[PDB]
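Here is the structure we will look at, set down as structure tokens.
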Amino acid sequence: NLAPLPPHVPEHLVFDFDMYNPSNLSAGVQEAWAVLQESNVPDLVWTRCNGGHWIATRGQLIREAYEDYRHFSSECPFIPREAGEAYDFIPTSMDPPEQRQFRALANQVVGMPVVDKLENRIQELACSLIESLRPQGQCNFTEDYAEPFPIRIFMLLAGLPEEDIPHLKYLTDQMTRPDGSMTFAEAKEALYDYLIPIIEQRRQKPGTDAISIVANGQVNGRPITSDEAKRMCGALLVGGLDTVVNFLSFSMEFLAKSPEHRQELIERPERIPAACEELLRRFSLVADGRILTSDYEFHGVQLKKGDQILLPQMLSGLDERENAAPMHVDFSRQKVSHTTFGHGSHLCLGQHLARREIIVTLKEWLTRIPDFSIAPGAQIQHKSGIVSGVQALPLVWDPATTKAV
Ligand code: HEM
């Protein structure tokens, strides 16, 4: 379904890209989004899909817009407009300077310091999880590791019982890839209902878990309110439940289809870190945007106040103008340029946790299960949305080849 073209949007700039259901989705989700960068597509286009909105197709514009919060506000970061308007997570929907305070408190619960004191657990969990699968000679990756691994760590992080994983997970998925059952608002409201009671209890006594830290936090002056606490916790759900999870499946799907790259890491461990960044560029997966604060001519195009513009974080690193032969995975890429963890004042606060989980996965997995491949005769399917992901990943291997360390 297409929205009628607003009077102010050029005739020649219309490219009906459906961010939640791209035409070339069959060739991989990153490949589907890459069409927006073909020789005949303007740097900045307008799509009549999902309420109609702009779409910067080049990392140059993307990076640029993400730096100018004065014009491109995070107030309404999601598409459709109903989703963005409803989006009120702190600080992801705030613009500087208001953001500073909250982002600083949020940084306390997932930043590097937290990731370092968690390294051992993260590592132990990966091993424990993999050692379990190893003798099976097969697995449904997305659900057997890609999900349990990041989520349990996040739940331990937040101090939330693991029983709530399916619940919190489903709702979170509705904010990134709506199955259609519920709107963004409803999903958000549902998550808030889960958090609020928890915040109330934790607000009392201190606490090492994320929710406590936030609930007992102090932003610009007075103590943090429950609503603020709520909005802050929310901003952590997508990352702790839906981003890493999907990223691992993309990266692992690739590794299963490319023995070469696997062998390379297996016999050249030291390259795992660099390999992680390249996979982060290649299989980048987030794409949100901003809303115009006023009428503004941006690169020849006249944007009106209230317009929404999609700045796919996943496109920068695929832009041939920033990375030669972008669709090729080269662990030895001299300059791995990308905006996978975003760009600007909203740079991902969990990228450290992300990278560690990715590095621990590649390390522990390849060591114990170096030789594996996609189950015989199976097609891997992707899904596109605020956060694209992999539907399922059937992997198989011979147990005799596995190892225990
Ligand atoms: C590999 C996985 C991940 C990717 C690709 C990713 C990507 C991003 C991107 C592109 C943004 C910018 C959003 C915007 O500007 O509107 C962002 C923000 C954010 N991410 Fe992540 N992220 C990942 C994992 C995580 C994890 C595991 C967490 C922690 C639970 C997390 C927490 C956050 C937070 C709190 C923000 C908001 C920062 C702010 O508004 O100041 N992310 N992420």
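Residues in the structure tokens are named by chain (A, B, ... in the order shown) and by number from 1 within that chain; ligands are numbered from 1 in the order shown.
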
Can you check which parts of segment 19-102 of chain A lie within 10 Å of segment 233-247 of chain A? Per residue, the shortest pair of atoms and distance in Å to one decimal, counting only C-alpha atoms, sorted by chain and number, as JSON lines.
```
{"residue": "A:87", "atom": "CA", "partner": "A:235", "partner_atom": "CA", "distance": 9.6}
{"residue": "A:88", "atom": "CA", "partner": "A:235", "partner_atom": "CA", "distance": 8.6}
{"residue": "A:89", "atom": "CA", "partner": "A:235", "partner_atom": "CA", "distance": 5.0}
{"residue": "A:90", "atom": "CA", "partner": "A:235", "partner_atom": "CA", "distance": 5.9}
{"residue": "A:91", "atom": "CA", "partner": "A:235", "partner_atom": "CA", "distance": 7.1}
{"residue": "A:92", "atom": "CA", "partner": "A:235", "partner_atom": "CA", "distance": 6.5}
{"residue": "A:93", "atom": "CA", "partner": "A:235", "partner_atom": "CA", "distance": 8.9}
```

Skip residue 129 of chain A itself and residues of its chain fewer than 4 positions away, then list as a PyMOL selection string all residues within 10 Å of it, counting only C-alpha atoms. chain A and resi 123-125+133-134+144-145+148-149+364-365

Just write the chosen residues, C-alpha atoms, as a compact mmCIF listing (two decimals), in the first residue's frame.
```txt
# COMPACT_ATOMS: atom_id res chain seq x y z
CA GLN A 123 32.50 -16.75 27.83
CA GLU A 124 31.40 -19.55 30.14
CA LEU A 125 27.85 -19.35 28.83
CA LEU A 133 25.11 -28.79 21.07
CA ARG A 134 28.49 -30.11 19.87
CA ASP A 144 19.77 -22.88 20.03
CA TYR A 145 22.47 -20.21 20.39
CA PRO A 148 19.82 -17.99 24.29
CA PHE A 149 23.37 -16.58 24.30
CA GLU A 364 34.39 -20.66 21.26
CA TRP A 365 32.35 -21.94 18.33
```

Can you list, as a ChimeraX atom specification, all residues belonging to segment 12-194 of chain A that DSSP tags as helix (DSSP H, G or I)? /A:23-27,29-37,59-67,81-86,98-110,112-136,141-146,148-158,162-176,184-194

Would you mind listing what lies within 8 Å of residue 60 of chain A as number ranges by chain, with only C-alpha atoms counted and same-chain residues fewer than 3 positions away left out? A: 63-64, 316

Show me, as a ChimeraX atom specification, the residues that have an atom within 12 Å of residue 103 of chain A when counting only C-alpha atoms, minus same-chain residues fewer than 5 positions from it. /A:89-98,108-111,214,217-220,228-229,231-233,235-236,345-350

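Proximity ranking of A:303, A:324, A:199, A:210 relative to ligand 1 places A:210 first, based on only C-alpha atoms and all ligand atoms.
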
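The shell of residues at most 6 Å from segment 34-40 of chain A, with only C-alpha atoms counted and near chain neighbours (fewer than 2 positions) removed, consists of residues 31, 32 and 57 of chain A.
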
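If you measure from each of A:77, A:326, A:312, A:389 to residue 339 of chain A using only C-alpha atoms, the closest one turns out to be A:312.
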
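With distances restricted to only C-alpha atoms and all ligand atoms, A:284 is the closest residue to ligand 1 from A:263, A:284, A:21, A:120.
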
If you run DSSP on this backbone, which residues of segment 91-330 of chain A come out as strand (DSSP E or B), and could you give them as a PDB file with N, CA, C and O atoms, in the first residue's frame?
```pdb
ATOM      1  N   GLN A 138      24.207 -31.280  14.963  1.00  0.00           N
ATOM      2  CA  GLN A 138      23.198 -30.474  14.277  1.00  0.00           C
ATOM      3  C   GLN A 138      22.546 -29.486  15.228  1.00  0.00           C
ATOM      4  O   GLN A 138      22.602 -29.659  16.444  1.00  0.00           O
ATOM      5  N   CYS A 139      21.924 -28.454  14.672  1.00  0.00           N
ATOM      6  CA  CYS A 139      21.239 -27.472  15.496  1.00  0.00           C
ATOM      7  C   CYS A 139      20.452 -26.413  14.719  1.00  0.00           C
ATOM      8  O   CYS A 139      20.695 -26.157  13.533  1.00  0.00           O
ATOM      9  N   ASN A 140      19.482 -25.821  15.408  1.00  0.00           N
ATOM     10  CA  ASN A 140      18.678 -24.740  14.857  1.00  0.00           C
ATOM     11  C   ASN A 140      19.333 -23.535  15.526  1.00  0.00           C
ATOM     12  O   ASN A 140      18.957 -23.125  16.630  1.00  0.00           O
ATOM     13  N   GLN A 218      19.870   9.460  38.965  1.00  0.00           N
ATOM     14  CA  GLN A 218      19.639  10.886  39.132  1.00  0.00           C
ATOM     15  C   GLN A 218      20.024  11.581  37.849  1.00  0.00           C
ATOM     16  O   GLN A 218      21.202  11.634  37.500  1.00  0.00           O
ATOM     17  N   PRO A 223      15.799  13.421  41.414  1.00  0.00           N
ATOM     18  CA  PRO A 223      15.849  11.974  41.180  1.00  0.00           C
ATOM     19  C   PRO A 223      15.059  11.563  39.938  1.00  0.00           C
ATOM     20  O   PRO A 223      14.125  12.253  39.524  1.00  0.00           O
ATOM     21  N   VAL A 286      20.684  -2.589  11.189  1.00  0.00           N
ATOM     22  CA  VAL A 286      19.732  -1.638  11.734  1.00  0.00           C
ATOM     23  C   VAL A 286      19.429  -0.525  10.741  1.00  0.00           C
ATOM     24  O   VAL A 286      20.270  -0.151   9.925  1.00  0.00           O
ATOM     25  N   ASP A 288      16.968   2.968  11.154  1.00  0.00           N
ATOM     26  CA  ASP A 288      15.913   3.812  11.685  1.00  0.00           C
ATOM     27  C   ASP A 288      16.167   5.194  11.100  1.00  0.00           C
ATOM     28  O   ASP A 288      16.954   5.317  10.156  1.00  0.00           O
ATOM     29  N   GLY A 289      15.512   6.227  11.620  1.00  0.00           N
ATOM     30  CA  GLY A 289      15.710   7.538  11.040  1.00  0.00           C
ATOM     31  C   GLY A 289      15.484   8.707  11.965  1.00  0.00           C
ATOM     32  O   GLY A 289      15.659   8.594  13.172  1.00  0.00           O
ATOM     33  N   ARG A 290      15.093   9.837  11.387  1.00  0.00           N
ATOM     34  CA  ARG A 290      14.871  11.050  12.153  1.00  0.00           C
ATOM     35  C   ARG A 290      13.673  11.792  11.596  1.00  0.00           C
ATOM     36  O   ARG A 290      13.147  11.434  10.536  1.00  0.00           O
ATOM     37  N   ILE A 291      13.242  12.824  12.310  1.00  0.00           N
ATOM     38  CA  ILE A 291      12.113  13.630  11.856  1.00  0.00           C
ATOM     39  C   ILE A 291      12.572  15.079  11.730  1.00  0.00           C
ATOM     40  O   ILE A 291      13.339  15.567  12.554  1.00  0.00           O
ATOM     41  N   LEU A 292      12.111  15.757  10.687  1.00  0.00           N
ATOM     42  CA  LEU A 292      12.487  17.142  10.438  1.00  0.00           C
ATOM     43  C   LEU A 292      11.917  18.136  11.449  1.00  0.00           C
ATOM     44  O   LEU A 292      10.729  18.113  11.752  1.00  0.00           O
ATOM     45  N   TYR A 296      13.671  22.448   5.440  1.00  0.00           N
ATOM     46  CA  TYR A 296      15.108  22.450   5.244  1.00  0.00           C
ATOM     47  C   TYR A 296      15.473  21.856   3.894  1.00  0.00           C
ATOM     48  O   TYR A 296      14.980  20.791   3.522  1.00  0.00           O
ATOM     49  N   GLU A 297      16.314  22.560   3.145  1.00  0.00           N
ATOM     50  CA  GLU A 297      16.753  22.055   1.851  1.00  0.00           C
ATOM     51  C   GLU A 297      18.035  21.287   2.160  1.00  0.00           C
ATOM     52  O   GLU A 297      19.028  21.847   2.612  1.00  0.00           O
ATOM     53  N   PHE A 298      17.978  19.986   1.932  1.00  0.00           N
ATOM     54  CA  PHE A 298      19.088  19.093   2.201  1.00  0.00           C
ATOM     55  C   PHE A 298      19.543  18.438   0.895  1.00  0.00           C
ATOM     56  O   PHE A 298      18.845  17.590   0.343  1.00  0.00           O
ATOM     57  N   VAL A 301      17.179  18.774  -2.102  1.00  0.00           N
ATOM     58  CA  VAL A 301      15.805  18.396  -1.818  1.00  0.00           C
ATOM     59  C   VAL A 301      15.215  19.253  -0.702  1.00  0.00           C
ATOM     60  O   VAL A 301      15.874  19.523   0.295  1.00  0.00           O
ATOM     61  N   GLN A 302      13.971  19.684  -0.882  1.00  0.00           N
ATOM     62  CA  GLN A 302      13.298  20.513   0.111  1.00  0.00           C
ATOM     63  C   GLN A 302      12.472  19.658   1.067  1.00  0.00           C
ATOM     64  O   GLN A 302      11.408  19.147   0.700  1.00  0.00           O
ATOM     65  N   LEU A 303      12.975  19.504   2.291  1.00  0.00           N
ATOM     66  CA  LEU A 303      12.284  18.728   3.318  1.00  0.00           C
ATOM     67  C   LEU A 303      11.415  19.688   4.120  1.00  0.00           C
ATOM     68  O   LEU A 303      11.853  20.795   4.455  1.00  0.00           O
ATOM     69  N   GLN A 308       9.680  12.603   7.776  1.00  0.00           N
ATOM     70  CA  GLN A 308      10.510  11.580   8.376  1.00  0.00           C
ATOM     71  C   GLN A 308      11.496  11.124   7.333  1.00  0.00           C
ATOM     72  O   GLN A 308      11.177  11.039   6.136  1.00  0.00           O
ATOM     73  N   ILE A 309      12.707  10.841   7.786  1.00  0.00           N
ATOM     74  CA  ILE A 309      13.724  10.384   6.868  1.00  0.00           C
ATOM     75  C   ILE A 309      14.441   9.183   7.425  1.00  0.00           C
ATOM     76  O   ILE A 309      14.917   9.181   8.556  1.00  0.00           O
ATOM     77  N   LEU A 310      14.474   8.145   6.607  1.00  0.00           N
ATOM     78  CA  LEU A 310      15.131   6.906   6.956  1.00  0.00           C
ATOM     79  C   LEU A 310      16.615   7.038   6.609  1.00  0.00           C
ATOM     80  O   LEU A 310      16.984   7.459   5.503  1.00  0.00           O
ATOM     81  N   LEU A 311      17.453   6.694   7.577  1.00  0.00           N
ATOM     82  CA  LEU A 311      18.897   6.749   7.430  1.00  0.00           C
ATOM     83  C   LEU A 311      19.370   5.344   7.781  1.00  0.00           C
ATOM     84  O   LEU A 311      19.891   5.106   8.874  1.00  0.00           O
TER      85      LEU A 311
END
```

Could you check the closest approach to residue 305 of chain A for each of A:71, A:15, A:285, A:56 and tell me which residue wins, using only C-alpha atoms? A:71

If you count only C-alpha atoms, which residues fall within 6 Å of segment 165-181 of chain A, apart from same-chain ones fewer than 3 positions away, as an NGL selection string? :A and (162 or 184 or 187 or 238 or 385-387)

Quick one: write out the picked residues with N, CA, C and O atoms as a PDB file, in the first residue's frame?
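Here's the written file out03.pdb:
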```pdb
ATOM      1  N   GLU A 162      14.848 -15.508  33.741  1.00  0.00           N
ATOM      2  CA  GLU A 162      14.913 -16.001  32.375  1.00  0.00           C
ATOM      3  C   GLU A 162      13.579 -16.507  31.842  1.00  0.00           C
ATOM      4  O   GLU A 162      13.391 -16.621  30.626  1.00  0.00           O
ATOM      5  N   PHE A 184       3.121  -0.683  17.159  1.00  0.00           N
ATOM      6  CA  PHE A 184       4.304  -0.395  17.953  1.00  0.00           C
ATOM      7  C   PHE A 184       3.882   0.071  19.344  1.00  0.00           C
ATOM      8  O   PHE A 184       4.369  -0.418  20.352  1.00  0.00           O
ATOM      9  N   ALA A 187       2.893  -2.723  21.691  1.00  0.00           N
ATOM     10  CA  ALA A 187       4.033  -3.517  22.098  1.00  0.00           C
ATOM     11  C   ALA A 187       4.776  -2.731  23.176  1.00  0.00           C
ATOM     12  O   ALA A 187       5.075  -3.264  24.252  1.00  0.00           O
ATOM     13  N   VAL A 238      15.540  -3.628  22.779  1.00  0.00           N
ATOM     14  CA  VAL A 238      15.865  -4.013  21.414  1.00  0.00           C
ATOM     15  C   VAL A 238      17.286  -4.534  21.298  1.00  0.00           C
ATOM     16  O   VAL A 238      17.537  -5.532  20.633  1.00  0.00           O
ATOM     17  N   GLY A 385      13.216  -5.069   8.567  1.00  0.00           N
ATOM     18  CA  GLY A 385      12.488  -4.147   9.423  1.00  0.00           C
ATOM     19  C   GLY A 385      13.441  -3.170  10.089  1.00  0.00           C
ATOM     20  O   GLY A 385      14.531  -2.916   9.564  1.00  0.00           O
ATOM     21  N   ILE A 386      13.045  -2.621  11.238  1.00  0.00           N
ATOM     22  CA  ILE A 386      13.907  -1.677  11.960  1.00  0.00           C
ATOM     23  C   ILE A 386      15.218  -2.404  12.214  1.00  0.00           C
ATOM     24  O   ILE A 386      16.295  -1.818  12.186  1.00  0.00           O
ATOM     25  N   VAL A 387      15.095  -3.699  12.462  1.00  0.00           N
ATOM     26  CA  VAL A 387      16.229  -4.567  12.703  1.00  0.00           C
ATOM     27  C   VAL A 387      15.934  -5.809  11.871  1.00  0.00           C
ATOM     28  O   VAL A 387      14.978  -6.535  12.140  1.00  0.00           O
TER      29      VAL A 387
END
```

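If you look at atom 7 (C, counted along the ligand's line) of ligand 1 and atom CA of residue 152 of chain A, they are 18.9 Å away from each other.
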
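Using only C-alpha atoms, the shortest contact distance between residue 113 of chain A and any of A:275, A:353, A:374, A:392 is found at A:353.
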
Taking 4 positions as the minimum chain separation for residues in the same chain, which residues sit within 9 Å of residue 49 of chain A when counting only C-alpha atoms? Answer as a list in words. residues 1, 2, 3, 16, 17, 18, 19, 53 and 80 of chain A
